There are 4 protein chains.
Amino acid sequence: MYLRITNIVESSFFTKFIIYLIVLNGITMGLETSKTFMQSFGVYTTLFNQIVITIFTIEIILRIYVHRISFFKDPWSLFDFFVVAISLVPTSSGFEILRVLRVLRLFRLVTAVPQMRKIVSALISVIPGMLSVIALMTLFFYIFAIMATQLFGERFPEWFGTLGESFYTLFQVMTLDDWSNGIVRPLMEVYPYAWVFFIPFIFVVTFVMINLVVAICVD
Amino acid sequence: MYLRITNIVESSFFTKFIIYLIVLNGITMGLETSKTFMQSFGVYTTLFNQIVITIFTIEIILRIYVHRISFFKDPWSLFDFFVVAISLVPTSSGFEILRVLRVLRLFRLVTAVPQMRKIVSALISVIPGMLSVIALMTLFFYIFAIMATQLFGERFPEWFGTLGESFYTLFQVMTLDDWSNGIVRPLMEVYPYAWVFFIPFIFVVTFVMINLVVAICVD
Amino acid sequence: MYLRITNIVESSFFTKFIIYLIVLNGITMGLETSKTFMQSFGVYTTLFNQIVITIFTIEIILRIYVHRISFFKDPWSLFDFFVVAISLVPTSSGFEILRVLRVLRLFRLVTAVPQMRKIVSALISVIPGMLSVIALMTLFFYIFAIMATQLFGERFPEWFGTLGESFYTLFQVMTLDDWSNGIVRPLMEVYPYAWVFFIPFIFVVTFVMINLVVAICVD
Amino acid sequence: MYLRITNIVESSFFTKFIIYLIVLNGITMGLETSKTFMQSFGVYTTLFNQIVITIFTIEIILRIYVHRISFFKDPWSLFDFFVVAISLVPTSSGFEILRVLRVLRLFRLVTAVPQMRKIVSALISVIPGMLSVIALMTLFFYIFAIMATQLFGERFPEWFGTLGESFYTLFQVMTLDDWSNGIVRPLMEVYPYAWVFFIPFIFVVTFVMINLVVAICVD
Ligand SMILES: [Ca+2]
Ligand SMILES: [Ca+2]
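Residues numbered from 1 in each chain as written, not as in the entry; some residues may be left out. Chains lettered and ligands numbered in written order. Heavy atoms only, no water.

In terms of determination method and resolution, the entry is listed under X-ray crystallography at 3.296 Å.

Counted only if it meets this: UniProt positions are given in the numbering used here, feature names are shortened, and annotations may be inferred rather than shown by experiment.
Chain A has the name Ion transport protein in the PDB entry, where Arcobacter butzleri is given as its organism. In the Subcellular location (unreviewed entry) part of its UniProt record, chain A is described as follows: "Membrane".

## Some words on the arrangement of the chains
What counts, and what does not: Any pair of residues with heavy atoms lying within 4.5 Å of one another is described as a contacting pair.
Separated throughout, chain A and chain C approach each other most closely at a C-alpha pair spaced 9 Å apart. Left apart from each other, chain B and chain D have a closest C-alpha approach of 9 Å.

## Section: the nonpolar core
Stated formally: Residues enter a nonpolar core if they are buried and are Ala, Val, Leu, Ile, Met, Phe, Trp, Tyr or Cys, with the set joined through side-chain atoms within 4.5 Å. Exposed residues in this analysis have more than 50% of their type's maximum accessible area, buried residues have under 20%, and partly exposed residues fall in between, with area computed by a 1.4 Å probe over protein chains only. Numbered from the N terminus, helices here are DSSP runs of H or I no shorter than four residues, and strands are runs of E no shorter than two.
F198(A), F201(A), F198(B), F201(B), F198(C), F201(C) and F198(D) are the most contacted members of the largest nonpolar core, which totals 226 residues. Counting residues per element, this core draws most heavily on helix α8 (residues 127-152) of chain A, at 14 residues.

## Some words on the relation of the copies chain C and chain B
To keep it simple, the criterion reads: The fitting set for superposing the copies is their C-alpha atoms, and the method is least squares.
Each copy of the sequence occupies a distinct position, and chain C is placed on chain B by a rotation of 90° and an axial shift of 0.0 Å, giving an RMSD of 0.2 Å. Taken together, the rotation and translation relating the two chain copies correspond to the operation of a four-fold axis. Closest to the rotation axis within chain C is the C-alpha of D178(C), separated from it by 4.5 Å. Different-surface contact between copies: only 6% of interface residues of chain C are shared with the interface of chain B.

## Observations regarding the environment of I127(D)
Mapped onto the elements of the fold, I127(D) is located in the loop between α7 (116-124) and α8 (131-152). Among the residues examined, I127(D) registers a relative accessible area of 32% and is labelled partly exposed.

## Examining the domain arrangement of chain A
Residue and element names in this part refer to chain A. Rules: For every domain, the bounds stem from an assignment made automatically or drawn from a database. When two components associate, each loses some accessible surface as probed by a 1.4 Å sphere; the sum of these losses over both components is called the buried area. Whenever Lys or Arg places a side-chain nitrogen within 4 Å of a carboxyl oxygen from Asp or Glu, that contact is recorded as a salt bridge. Polar contact is the term for a pair of N or O atoms within 3.5 Å; when the atoms are in protein, one must be able to donate a hydrogen and the other to accept it, and sequence-neighboring residues count only if both atoms are side-chain atoms.
What the domain assignment reports for chain A is domain 1 (1-114) and domain 2 (115-219). Inter-centroid distance (C-alpha atoms) of domain 1 to domain 2 is 37 Å. Contacts between domain 1 and domain 2 engage seven residues on the former and five residues on the latter. Interface area, domain 1 with domain 2, both sides summed: about 550 Å², of which 66% is carbon and sulfur. The largest contributions to the domain 1 side of the interface with domain 2 come from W76, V110 and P114, which together make up 78% of the buried area. Viewed at the interface, domain 2 and domain 1 are joined by one salt bridge. One salt bridge in this structure joins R117 and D74, with 3.9 Å as the shortest N-O distance. Scanning the region where domain 1 abuts domain 2 turns up three residue pairs in polar contact.

## Comments concerning the relation of the copies chain B and chain A
Superposing chain B onto chain A takes a rotation of 90° plus a shift of 0.0 Å along the axis, which leaves an RMSD of 0.2 Å. Here only 9% of the interface residues in chain B have copies in chain A that are interface residues too; the copies meet through unlike faces.

## Structural notes on the environment of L98(A)
All names here are of chain A. Looking at the secondary structure, you find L98 in helix α5 (residues 97-101). Each C-alpha atom, one on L98 and one on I86, is 6.5 Å from the other, the two residues being 12 residues apart in sequence. Contacts of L98, omitting those with residues within four sequence positions, involve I86 and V89.

## Notes on the pattern of salt bridges
One pass over the full model with this rule turns up 24 salt bridges over all chains. When the shortest N-O distance is used, the salt bridge between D80(C) and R63(C) registers 3.6 Å. Taken together, the positions of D80(C) in helix α4 (residues 75-86) and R63(C) in helix α3 (residues 35-67) put the pair 17 residues apart, joining distant regions of the chain. Given a relative accessible area of 0%, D80(C) falls into the buried group. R63(C) sits in the buried class, given a relative accessible area of 14%. The shortest N-O distance in the salt bridge between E59(D) and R108(D) comes to 3.4 Å. One end of the pair, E59(D), is in helix α3 (residues 35-65); the other, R108(D), is in helix α6 (residues 108-111), and 49 residues separate them in sequence.

## Let's talk about the UniProt feature "transmembrane region" (unreviewed entry) in chain A
All names here are of chain A. What UniProt calls "transmembrane region" (unreviewed entry) maps, in this numbering, to residues 12-31, 43-66, 78-98, 119-147 and 193-218. Each end of residues 12-31 is marked by a C-alpha atom, and these two atoms are 29 Å apart; helix forms 100% of the span and strand 0%. Between the end C-alpha atoms of residues 78-98 the distance is 18 Å, and the span holds 52% helix and 0% strand.

## Description of the interface of chain B and chain A
On the side of chain A, 35 residues touch chain B, which itself brings 35 residues to the contact. Taken as a group, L136(B), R185(B) and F207(B) account for 19% of the area that chain B buries against chain A, more than any other trio of residues on that side. At the boundary of chain B and chain A, one finds zero salt bridges. At the junction of chain B and chain A, the tally comes to 11 residue pairs in polar contact. Looking at the side of chain B that touches chain A, the elements with two or more residues in it are α8 (131-152), α11 (180-190) and α12 (194-216) of chain B. Element by element, the count of residues in the side of chain B that touches chain A is highest for α8(B), at 14 residues.

## Comments concerning a nonpolar patch on the surface
To keep things clear, this is the line we draw: Each patch is built from residues that are more than 30% exposed by relative accessible area and take part in no salt bridge. Like charges join if they lie within 9 Å; nonpolar side chains (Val, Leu, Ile, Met, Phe, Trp, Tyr) join within 5 Å. Residue burial considers only the protein chains on display, and all accessible areas are found by Shrake-Rupley using a 1.4 Å probe.
On the surface, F41(D), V43(D), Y44(D), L47(D) and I51(D) cluster together into a nonpolar patch covering about 600 Å² of accessible area. Here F41(D) shows up in helix α3.

## Concerning the interface of chain C and chain B
The condition that has to hold: Polar here means any residue outside two lists: the nonpolar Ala, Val, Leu, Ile, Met, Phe, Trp, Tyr, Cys and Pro, and the charged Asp, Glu, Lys and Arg; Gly therefore counts as polar.
Taken together, the contacts link 34 residues of chain C with 32 residues of chain B. For the chain C and chain B pair, buried surface summed over both sides reaches about 2900 Å², with 74% attributable to carbon and sulfur atoms. When the buried area of chain C at its contact with chain B is split by residue, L136(C), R185(C) and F207(C) rank highest and sum to 19% of it. At the boundary of chain C and chain B, one finds zero salt bridges. Counting every contact that joins chain C to chain B gives 11 residue pairs in polar contact. At the level of elements, α8 (131-152), α11 (179-190) and α12 (194-215) of chain C are the ones that each hand at least two residues to the side of chain C that touches chain B. Grouping the constituent residues of the side of chain C that touches chain B by class yields 25 nonpolar, six polar and three charged.

## Some details on the packing of α8(B) against helix α10 (residues 163-174) of chain B
When two helices pack together, their arrangement is given by the angle between the helix axes and the distance between those axes. All names here are of chain B. To keep it simple, the criterion reads: Only the contacting stretch of a helix is used when fitting its axis, a line to C-alpha atoms as for every element, and angles between N-to-C directions run 0 to 180 degrees. A clockwise turn of the near helix away from the far one marks a right-handed crossing, whereas an anticlockwise turn of less than a right angle marks a left-handed crossing.
At their nearest, the axes of α8 and α10 sit 8 Å apart, and the two run at 115° to each other. Crossing hand, α8 versus α10: right-handed. Here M137, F141, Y142, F144, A145, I146, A148 and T149 of α8 lie close against α10, whose contacting residues are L163, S166, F167, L170, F171 and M174. The residue inventory of the contact of α8 with α10, partitioned by class, reads 12 nonpolar, two polar and no charged.

## Comments concerning the state of the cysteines
Using the following cut-off: Any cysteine sulfur atom paired with another within 2.5 Å is treated as part of a disulfide.
Applying the stated rule across the entire model yields zero disulfides over all chains. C217(B) provides the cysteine sulfur closest to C217(A), a residue in no disulfide bond, and the two sulfurs are 4.0 Å apart. Judged by relative accessible area, which is 16%, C217(A) ranks as buried.

## Digging into unusual backbone geometry
Residue and element names in this part refer to chain D. In the Ramachandran plot, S93 falls in the positive-phi region, its phi being about 65° despite a non-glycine side chain. Relative to the assigned elements, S93 resides in the loop between α4 (75-88) and α5 (97-101). Here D178, not a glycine, exhibits a phi torsion of approximately 50°, which is positive. Checked against the element boundaries, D178 lands in the loop between α10 (163-174) and α11 (179-188).

## Things to note about helix α3 (residues 35-65) of chain A
Given 3.6 residues to a turn, an α-helix orients residues that are three or four positions apart in the same direction. All names here are of chain A. Just so we agree on the cut-off: In this scheme, the bend at a residue equals the angle between the axes fitted to the seven residues that finish there and the seven that begin there.
If you look at α3, its biggest bend is around 85°, right at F41. Looking at α3, one finds that the buried residues are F37, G42, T45, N49, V52, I53, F56, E59, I60, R63 and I64. Buried residues belonging to α3 abut α1 (2-9), α2 (12-31), α4 (75-86) and α6 (108-111). For α3, the N-terminal capping position is held by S34, with its side-chain oxygen 3.1 Å away from the main-chain nitrogen of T36.

What follows is the structure, given as structure tokens:
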């Protein structure tokens, strides 16, 4: 039966049928948003949902026999596995993000339609070039986050109280989001010199970020 | 009579006369802004305004006898038709926005003068080389918007209570506009881990946007 | 005496004596900032000021005989002229920005030193290859600023009440400064669809602004 | 004994031992953040600290014999000296920032690992080609910072009261951080024309900054 299924799975109709399902479960998920819609068609949607989930595991099962090892060395395939697997944990127990993480299957429209794959791959491929910088920065954030925690977290614990909090705040300053009126001006009412910590921080982090982008507009 | 009017329409004087009317009507519309000016010279204005609208329909009528089907295959011509069209719907009934949409005719200055046409066309021309990415993002926004609506819309309905609102709020975070003190910090007072949703959201969306820009610094 | 002075003006000493004065008057102007310093050495620096103002007029006079018509066709010279002229208008009368515009002379350090001149000129020269774009944008701002005034000015006059106000607010949205929580969200409490005006406005304006930057990276 | 140690220092083991210490002290410094961890194992980590600081000075001592004048002409080497030196200054007296500045030693992970050194060097190397522009801006900031102090510092001393504050505030406008609702709109409630100072300021400073990035995508 091997070549029978290898001709079912690999068939245009099979793929195009999967894609047709994604776009339907996709649409169906944007409807599960309406409290109104659930009070009229809630049952329709939960069933339709459970259905598609089977169809996708059947498919993923079929897909595996036709590929075996070759499959668990395909990024795109692994993805579909894990995404469907997430969708498999029952509508219960554990955390509830799993019920929410289900909507990740709409990312299959990327995986199971070229052009997306291409563009996605075009994007991801840039990442290796950045890891030298990214590393540098994370060391930097780690260093400043520590300094910040022990300079400001006594009077300003919301913002710098914990190593993690400083990380968050520092990230915020880096996105330049409300950094002066929101954060540094307050700090200064107590620690006049706080500007000496944040202006340099901003220069460095924005400098690095400009290089990093110019780096990507060459490779 | 055709070649008579073809010579009239194609005549530089005709074009330049149109362009002259635009720069007059534009100035007129900026004066229609002043409550003072309208009490003084509102009469002068509304008639000069209606006059121009006639002239522009006559022109557009003339312009079609001289181009026929070639016209409705011209972007710029279509534009002008559709723009003057808007301005034709009476100063009453339906949606008061129409009366306001009238000012779109000042975009005829773009259409009736080249170099503008050049620059605009230069701009537009970049779009198709972006649609692979734009689509990618929209799928992303769509996925996260749904996730957010079901993660935060109960305690935070202004911001996430609805698919639309999540779209809006998500866009706002993307523009990095007041995203931390304005939104995530609040969110966190209830959902400590909301940073796990938004920091990734921010990296991705910002990354994509950098690639999209560099993509245009190649083509 | 012509060639005598033509040898004084062109003299490296003279030029370097000018640059020396600038850096002093510059230093002197940052000292004039302190209320304390003025209560000690105010009279010192006021005279020192009037002194330098003469020296600079003497020079610009000498500079003219030596160059005549050639001088009033030099950007950098015209500048130096006008910036000294401002510094000549009596310490009284009219507007008091003239007392404040006097600090523009420190821009002579840009004029009187190359590399600065190089860099300034390098910058400026990019401008003509932007005017096509700048025009487009200004037309756009003018169009939207009009729409906005007659759509939100009635309920929201601080922000859109006047053509100028809308220009201002629009600029602010363009810099993406506090635009959603600060403006569009309030707007929406009254005009639910105001998002329809501002999201597009942002796309256009930021798209256009990105192209304009990529233009300056191929020129 | 010279060549004996020149084979100790210049050994793989040595370097990799140093790197191993950094990553350990680094982890130790993130644990010193927790008030909990300090009430438990504070003693462990305070000793561990003095230990590493010894090892590092011994190493730096060794490193100098093996290198002499070649060492105090290596950026990276000088760094480690200075950084370790700061870490030597007793746990008392003067200012406490010295105690905090100690965490700068984690920058040795950059000093003492290539690729980092490469990437950092890549970045720093870009700087000299910016000094022409940077200079320009600092003159510009200085000129406007002075202007602002005398136009707004009387009614608005938090923001422009002192030369320094104006620098700070102006910097903030440059990052476009809450500049309109936070600063200019208020300023305008008293000085209607303040927009005539800040909008130009913003174009110039943003324009320049755009070029400066385009420069770094050519050099
Ligand atoms: Ca803000
Ligand atoms: Ca902001």
